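The chains referred to below are lettered A, B, ... by the order of the sequence lines, with proteins before strands, and numbering in each begins at 1.
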There are 2 protein chains.
Amino acid sequence: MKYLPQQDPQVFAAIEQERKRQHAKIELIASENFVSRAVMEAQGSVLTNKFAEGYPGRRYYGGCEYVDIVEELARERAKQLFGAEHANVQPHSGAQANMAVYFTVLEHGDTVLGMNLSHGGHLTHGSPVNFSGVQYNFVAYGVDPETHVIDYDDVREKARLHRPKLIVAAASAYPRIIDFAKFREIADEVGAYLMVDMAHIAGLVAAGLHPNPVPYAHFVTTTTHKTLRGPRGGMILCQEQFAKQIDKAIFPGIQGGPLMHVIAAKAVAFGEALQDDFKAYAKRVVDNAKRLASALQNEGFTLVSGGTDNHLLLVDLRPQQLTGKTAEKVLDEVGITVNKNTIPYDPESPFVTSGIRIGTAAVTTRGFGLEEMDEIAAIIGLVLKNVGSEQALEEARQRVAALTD
Amino acid sequence: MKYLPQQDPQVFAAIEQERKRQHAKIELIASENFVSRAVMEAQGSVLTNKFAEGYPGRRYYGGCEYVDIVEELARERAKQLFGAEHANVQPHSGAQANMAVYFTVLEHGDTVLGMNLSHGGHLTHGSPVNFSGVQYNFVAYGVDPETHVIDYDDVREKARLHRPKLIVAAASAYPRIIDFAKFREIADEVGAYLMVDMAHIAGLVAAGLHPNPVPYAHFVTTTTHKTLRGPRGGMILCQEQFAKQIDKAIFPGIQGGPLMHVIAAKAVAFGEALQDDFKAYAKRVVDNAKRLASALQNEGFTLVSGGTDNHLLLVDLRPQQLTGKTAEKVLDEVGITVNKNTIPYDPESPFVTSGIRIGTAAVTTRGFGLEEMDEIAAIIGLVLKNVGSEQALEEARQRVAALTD
């Protein structure tokens, strides 16, 4: 940076602390990642100066010839990546992508069926304090109490009983592969649309490491950040038949001007994901998650669903008589960043929880491999088995420092 | 840029075309501006990597100590700038800021009173193709057919007849000062909340060149771009009594994670606006608009409301028997960027229009002054009085080039 340090010492100092924090800590929050310098440069471009309401070649303002190229590159690369017939790369966030799909197919009060929030579903999949649960009538399907795998007979029964107009699949804390084919079969049985929110797994889908929802869902929403490793933002994918309606939902429906600099950054991120080395990266993410899962089990931890098929895992801390809140706090003390997370059938509130959620996308981006997974698990074991020992915590702190250098 | 040119030749080439376009053209779109290099650097920072759901000191994820400093700097500087008791700097856009206020005080189907869209009101103030008009029952007040000034007796009559729960004031194409005191008086008479959408005029308000809505409105929404000259995004200001509810509307109500890099950029922009030289800038914006208005009248153009009190003006093209669409197209041919705009009581559709809207914020940022205003008006006169003369258009093109260098 050249101009910020001189113009705004306070903001620069805080940014610099954050940069140094990102390097020093072990980031295990499952949605987190580190974008490339090219992605950041795109976001820091003069494209922030351009008003571009509308779509490429169909703008409501002049001078968009070049930002049109940028947006079309984003859309075409997204289509290549996911085999979708249409992309909308304007959503400001995953929340806004979801909001737009809901706005397209639902009327106020319509019934929607989504994953139980305390079993891994997202806030925007029907929380009563979120617009989704306030605007629409959400019902929930659950995971099996033993296997923690989505109960597809429960999905079907809920669908048949409640007759939702829309079924939502996908999750913020579900460590196994989702069967999109079964979701579409159930949707077809009850005449519901299927929306898949692939935010967490989008990078894995792009790398062919998780089944692609595109062939099965009427609408697929996603973040551009997370495993896809792009800038913060949203995207919607759909078949040509819904394209006009989806685009109209985003604008003039729910947003105004798009963030063209962020859209440039999306294009960059999609370009990266199209490369062979991104595929290799994504495989290491999943390999690392499996290794970390195995190593945590070796430490004596119980994992929700007994392991992982993807980038993330959930530790059920009940056997150690710890809450997620307690575990999250003490790991913070040693430089490991996780989040408390409800586990299926959690006896604790979502503000306390019986679990921690862990993901490997961020550490994999930093070049961590299988050995590092073994060591991260050993440190977590050391810490959580010795919550009252400052000497143990200091040892952990030194081991974390050894990992981040 | 260092990394983007190597990583993504296609995206870089398009960005570079856009950069060169921004310099070559005369930007007169009233919402447009050019941000500082410091603002762009903040947006291009590693803060895009940080998940920060919640608010400073009350986050739902760990590691936010430094992004908390950044967000608090944004909020405190906004409060200083506008004399507001509370700021929410998380809205992704002006649309989302509006959406959140609506979500806070309204139920589905509630009546809202806003400015007539064809008299200068915004899409999010009740368009039937926007969420605002679909979710809530919007009624409209108008401007006087002669003076083009808001008819406050019409505001009052509409309020008394329709009994709105909320009254919205503010506009995208209104060239005169809005009387927030009268809006609040009317609101009080009918027991309605008052929301002011100051997006267009926020920079002028910060510089003390337009009356401040904060003392009069329960809620003030704004963009951070436009006359405020910040990054693209939204903000809400309100009294302490609404703070908790407003914050809850943004999250978990309508958004998820905030864009922390954009919030850093907002802080930077607010820092700039707090400086004396921003006040001088804003005065030049308004001085330039008045000069341009006068010079356009000297050319024989009729202006909506007969002039301007702010950064923008509207040309009523009926005396020249031109549509806004025709004028916008031919000015595009010579390198002047305007937008067609409906004028009050326009006999044309919003897709054709009888007007063009012009603003001086962008050219003022580039250092244009009164002489340049005179020349811009003379070029517009040359072009619009000679739409069929390629020689005139080539002369205009050369004069535009002389201005941008």
A:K182 and A:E185: salt bridge (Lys or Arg N to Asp or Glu O under 4.0 Å), yes or no, with the steps? CA-CA 5 Å; A:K182 290 188 186 187; A:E185 196 180 345; over 6 Å; no

A:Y174 and A:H148 aromatic centres sub-6.0 Å: no

Counting the benzene-type ring for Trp, do A:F242 and A:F219 have ring centres under 6.0 Å apart? yes

Stepwise side-chain hydrogen bond (donor to acceptor under 3.5 Å, both in side chains) test for A:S93 and B:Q255: CA-CA 8 Å; A:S93 72; B:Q255 303 189 170; over 6 Å; no

Taking the six-membered ring of A:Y281, is NZ or CZ of A:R229 closer than 6.0 Å to its centre and within 45° of its axis? yes

Any donor-acceptor pair under 3.5 Å linking the side chain of A:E27 with the backbone of A:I29? yes

Under 6.0 Å between ring centres: does that hold for A:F180 and A:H210? yes

Could you pull out the closest heavy-atom pair between A:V155 and A:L113, with the gap in Å? O-CD2, 3.5 Å

Among A:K266, A:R77, A:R37, the one residue meeting salt bridge (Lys or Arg N to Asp or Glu O under 4.0 Å) with B:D8: A:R77

How are the rings of A:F183 and A:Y152 set to each other: parallel, tilted or perpendicular (split at 30° and 60°)? perpendicular

Smallest separation among heavy atoms of A:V220 and A:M198, with atom names: CG1-CG, 3.6 Å

Taking A:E53's backbone N and O only, do any of them form a donor-acceptor pair with A:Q90's side chain (distance below 3.5 Å, no angle check)? no

Heavy-atom side-chain contact between A:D247 and A:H86 under 4.5 Å: yes

Side chain of A:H122, backbone of A:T124: donor and acceptor closer than 3.5 Å? yes

What orientation do A:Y102 and A:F131 show, parallel under 30°, tilted 30 to 60°, or perpendicular over 60°? tilted

Check the pair A:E72 / A:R75 against salt bridge (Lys or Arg N to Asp or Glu O under 4.0 Å), numbers first and verdict last. CA-CA 5 Å; A:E72 204 66 275; A:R75 295 198 297 192; 2.8 Å; yes

Determine yes or no for a side-chain-to-main-chain donor-acceptor pair under 3.5 angstrom, with A:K290 supplying the side chain and A:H311 the backbone. no

A:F82 vs A:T222 side-chain heavy atoms within contact, under 4.5 Å: no

May I ask you to decide if the ring planes of A:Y136 and A:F138 are parallel, tilted or perpendicular, using 30° and 60° as cut-offs? perpendicular

